[PDB]
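The block underneath contains the structure these notes are about, expressed in structure tokens.
2 protein chains.
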Amino acid sequence: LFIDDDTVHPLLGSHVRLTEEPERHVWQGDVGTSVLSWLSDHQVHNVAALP
Amino acid sequence: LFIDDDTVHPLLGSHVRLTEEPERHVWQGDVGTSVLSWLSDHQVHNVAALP
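Residue numbers (the UniProt record's numbering), protein chains in the order written: chain A, 876 to 881, 894 to 938; chain B, 876 to 881, 894 to 938.
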């Protein structure tokens, strides 16, 4: 019997400013039921689909 | 009298997998003395510059 653990920027991911050309912004995050377990509440045709 | 209250690689600052053609790894961060107060020691001609 023991409890173990496993900024506040959203699920977008690490925002980066791209200055190579006319500027771009990239986040490159990861989503899914692994971290966003509540997404299971939208399983389309019994398959978890992002609303 | 009270407490002041003040994982990512420090120098890199952030990572992103910009997986276009060609595949590029990109990092964006800050190394100023505001964060790296320790880094202020390395100064040439009394001007702080990282080695």
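The beta-carbon is built from N, C-alpha and C at its ideal position, and this holds for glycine as well.
Checking the DSSP bridge columns, you'll see B/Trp925 has no partner listed. In chain order, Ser901, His902 and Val903 make up the part of chain A whose C-beta sits under 8 Å from the C-beta of B/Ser901.
For B/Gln930, the nearest beta carbon of chain A is not closer than 8 Å to its own beta carbon. Of the residues A/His896, A/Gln930 and A/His912, the one whose Cα lies closest to the Cα of A/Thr920 is A/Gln930.
At least 8 Å separates the beta-carbon of B/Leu937 from that of B/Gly916.
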